[PDB]
Amino acid sequence: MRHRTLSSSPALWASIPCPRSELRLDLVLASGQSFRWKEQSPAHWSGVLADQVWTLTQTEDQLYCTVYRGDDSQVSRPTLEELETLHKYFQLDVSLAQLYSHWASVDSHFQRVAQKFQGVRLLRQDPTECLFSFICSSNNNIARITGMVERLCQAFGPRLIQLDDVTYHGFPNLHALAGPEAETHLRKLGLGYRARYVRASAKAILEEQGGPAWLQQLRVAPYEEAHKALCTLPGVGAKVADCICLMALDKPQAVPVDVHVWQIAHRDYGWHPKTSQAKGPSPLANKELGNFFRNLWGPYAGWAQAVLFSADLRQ
Ligand SMILES: NCCc1c(-c2cccnc2)[nH]c2ccc(O)cc12
Ligand code: NI
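Residues numbered from 1 in each chain as written, not as in the entry; some residues may be left out. Chains lettered and ligands numbered in written order. Heavy atoms only, no water. Residues with missing side-chain atoms left out of burial classes, pairs and counts.

**Here's the deal with the UniProt feature "binding site: 8-oxoguanine" in the protein**
Just so we agree on the cut-off: UniProt positions are given in the numbering used here, feature names are shortened, and annotations may be inferred rather than shown by experiment. Here a strand is any run of E in DSSP of at least two residues, a helix any run of H or I of at least four, and the numbering for each starts at the N terminus. Polar contacts, as used here, are pairs of N or O atoms within 3.5 Å; protein pairs need one atom able to donate a hydrogen and one able to accept it. Residues neighboring in sequence count only if both atoms are side-chain atoms. Remark: exposure states derive from per-residue accessible area (1.4 Å probe, protein chains only) relative to the maximum for the residue type, with buried under 20%, exposed over 50%, and partly exposed in between. By definition in these notes, contact holds between two residues if any of their heavy atoms fall within 4.5 Å.
UniProt feature "binding site: 8-oxoguanine": in the numbering of this structure it lies at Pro 256, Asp 258, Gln 305 and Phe 309. These annotated residues cover 54 residues of sequence, but their C-alpha atoms sit close together, with the largest distance between any two at 11.8 Å. On the secondary structure map, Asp 258 appears in the loop between α12 (238–248) and α13 (259–269). In this structure the side chain of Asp 258 is engaged in a polar contact, spanning 3.1 Å, whose partner is the backbone nitrogen of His 260. Among the structural elements, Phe 309 can be located in helix α15 (residues 301–313). On the accessibility criterion, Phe 309 (30% relative accessible area) is partly exposed. Filtering out sequence-adjacent residues up to four positions away, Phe 309 remains in contact with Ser 31 and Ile 142.

If you want it as structure tokens, here you go:
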């Protein structure tokens, strides 16, 4: 079986009304939110959503998708429920154009960036996948995380399907990452020190918190409670926790503060720590800077900063 194109097999694709100002696949799918999408052919993005593989492409006004179900399921267009899953994945109920104008109303820097970089929105990811992805993110770039995640999924998760030479796996369950040889194997897969955090966090969630239902509870808890709970996990501090809050636990106000956000705040906003005394990063000054951004942009500050990240990844 081959990766589909809109030309190859137009009968297997469905469409979701979606303007380019609401979503640009190319500024979202490989801009360091999910690490599981790859443009296997030009303008066609393939990756795994929940134990199914999808290919996505778009026109100026339409999002086209096709689904591969794997197990000798006779090929067919996406069902309604599968299309709802995708609609919810891209959080398309939320108007990005209205958010853009609201941020721009208070921020002339954002206003200039947003001209060129429209359609940057936040995926709504599976908490398990997002958590271990961002554990892998420490001192790491998107390309290297992407490989670590692909090798992790091939080694520990269920095979779904092969298309061309790419074999697609589901993200593993916690119990699979918690096992006695897991760290050893994960070091063999190139994760380094991060192998220890992966295994230890899997074991902590399972044994201390009662399994992945805990992550669903964090999704309904308040931002501040979810963040703090995540920071109890091995390898998860304020930055990683804010990533997971923003991207998987429905906390749009979470602003992950790292060196890159510091540089943006200083360079582009002229920000310096007020209350804090540190000239540079510190847990307190990092907290202060996240508060600065929420004060500026509002309850969707995490989405705003995502535009600036995506913008910066493009030269
Ligand atoms: N300030 C950037 C933090 C960050 C994001 C991110 C993407 C979109 C929204 N918010 C944060 N993705 C990453 C991937 C690797 C990495 O080393 C850092 C990041
Ligand atoms: Ni200065």
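The structure having been displayed, the exposition proceeds.
**Brief notes about the coordination of the nickel ion (ligand 2)**
Angles between donor atoms at a metal ideally measure 109.5 degrees for a four-coordinate tetrahedral arrangement and either 90 or 180 degrees for a six-coordinate octahedral one. To be explicit about the condition: Donor atoms (N, O, S) are those found within 2.8 Å of the metal centre, with the cutoff raised to 3.2 Å for Na, K and Ca; water is not part of the atom list, so apparent gaps in a site can occur.
Donor atoms from the polypeptide that bind the nickel ion (ligand 2) are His 266 (NE2) and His 272 (NE2), placed at 2.1 to 2.2 Å. We classify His 266 as partly exposed; its relative accessible area is 41%.

**Description of α15**
Which entries qualify depends on this criterion: Helix span is expected to be 1.5 Å times the residue number reduced by one.
Between the first and last C-alpha of α15 there are 19 Å, a value that for 13 residues agrees with the 18 Å anticipated at 1.5 Å per step. Among all positions of α15, only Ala 301, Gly 302, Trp 303, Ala 304, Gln 305, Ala 306, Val 307, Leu 308, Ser 310 and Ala 311 are buried. In this structure, the buried residues of α15 make contact with α1 (25–28), α3 (96–104), α4 (108–116), α12, α13 and α14 (283–297). Note on α15: the residue one or two positions beyond its end, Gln 315, has a positive phi of about 55°.

**Let's talk about the environment of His 87**
Looking at where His 87 falls in the secondary structure, it is placed in helix α2 (residues 80–89). Along the backbone, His 87 and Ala 301 are 214 residues apart, and their C-alpha atoms lie at a distance of 22 Å. Discounting residues that sit within four places of it in the chain, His 87 has contacts with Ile 16, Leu 92 and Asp 93.

**Digging into the packing of helix α10 (residues 213–220) against helix α11 (residues 223–230)**
Two quantities define a packed helix pair, namely the angle between the helix axes and the distance between the axes. Short version of the rule: Interaxial angle, 0 to 180 degrees, is taken between N-to-C directions of lines fitted to C-alpha atoms, where a helix line uses only the stretch in contact. When residues are grouped by polarity, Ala, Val, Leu, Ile, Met, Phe, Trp, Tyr, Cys and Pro land in nonpolar, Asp, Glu, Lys and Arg in charged, and all others, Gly among them, in polar.
Two elements in contact, α10 and α11, have axes whose closest approach is 7 Å; the angle formed by their N-to-C orientations is 150°. Touching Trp 214, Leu 215 and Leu 218 of α10 are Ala 226, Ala 229 and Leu 230, all from α11. A breakdown of the residues in the contact of α10 with α11 according to their chemical character gives six nonpolar, no polar and no charged.

**Things to note about the domain arrangement of the protein**
Formally: Where each domain starts and ends follows an automatic or database-derived domain assignment. Two parts lose some accessible area (1.4 Å probe) when they are put together, and adding that loss for both gives the buried area.
When its domains are assigned, the protein resolves into domain 1 (1–90), domain 2 (94–114 + 255–313) and domain 3 (126–251). Its C-alpha centre places domain 2 at a distance of 26 Å from the equivalent point of domain 3. Across the boundary between the two partners, domain 2 contributes ten residues, which contact six residues of domain 3. For the pair domain 2 and domain 3, the summed buried area comes to about 560 Å², and 72% of that belongs to carbon and sulfur atoms. It is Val 255, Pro 256 and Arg 294 that lose the most area in domain 2 upon contact with domain 3, and together they represent 52% of the buried surface on that side. For the pair domain 2 and domain 3, the number of links is one residue pair in polar contact. The element that contributes the greatest number of residues to the side of domain 2 that touches domain 3 is α15, accounting for five residues.

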